[PDB]
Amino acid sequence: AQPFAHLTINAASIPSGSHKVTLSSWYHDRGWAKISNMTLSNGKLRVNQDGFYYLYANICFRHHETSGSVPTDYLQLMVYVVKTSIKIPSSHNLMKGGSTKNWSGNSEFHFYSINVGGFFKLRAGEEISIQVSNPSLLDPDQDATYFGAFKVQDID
């Protein structure tokens, strides 16, 4: 039963704000959202089996003029895949991606997606979480905002 997970964002709990925050609302059993041998605790994917896993995340940001105004036109759309654990409580970034975007002008719709992927050694007990800026601009669709992991091979 090789470990893996593909979590999709749960808009039914999308926090407001523009500052860097951790996302804790994800789906694990519906649509493309699956999970196995791994446990999820409010946007905190816990590893139960040691191994080399490939981790990835796809976060889509969007804004339509019809939704109203945004604090500032110069945005910083960032995504951070973080690892946390009992021994190491502090957060450490495994991957970082994103871009500054000027969403000014009279344009009606603005969109931008970010993707990151990497190969990492994970020990049971360690947890991966997703931190992003401007969580209010996140796209709610499961094909738009998601993150996952899957074991590729055992640790030597």
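We number the residues from 1 along the sequence you see. In this text, the rigid core denotes the largest set of C-alpha atoms whose superposition between the two forms falls within 1.5 Å.
Colleague: Fitting on the rigid core only, I'd like to know which of the two stretches, 86 to 94 or 45 to 53, ends up farther away in Cα terms in 6 other deposited structures of this protein.
Modeller: The stretch that sits farther from the shown form in 6 other deposited structures of this protein is 86 to 94.
Colleague: Superpose by the rigid core and compare 137 to 145 with 9 to 17; which one moves more, by C-alpha RMS, in 6 other deposited structures of this protein?
Modeller: Comparing 9 to 17 with 137 to 145, the one that moves more in 6 other deposited structures of this protein is 9 to 17.
Colleague: Tell me which stretch, 9 to 17 or 140 to 148, has the higher mean Cα B-factor listed in the entry.
Modeller: Looking at the record's C-alpha B-factors, the answer is 9 to 17.
Colleague: Return whichever of 27 to 35 and 110 to 118 has the greater mean Cα B factor according to the PDB record.
Modeller: Per the PDB record, 27 to 35.
Colleague: Take the CA temperature factors straight from the PDB entry and tell me which of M78, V81, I86, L75 peaks.
Modeller: So the option with the highest C-alpha B-factor is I86.
Colleague: Identify, among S129, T66, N42, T100, the residue whose C-alpha carries the highest B-factor in the deposited PDB entry.
Modeller: When the deposited C-alpha B-factors of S129, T66, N42, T100 are compared, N42 is largest.
Colleague: Give the position of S90 by CA B-factor within its chain, expressed as the lowest, middle or highest third.
Modeller: Answer is highest: the recorded C-alpha B-factor places it there.
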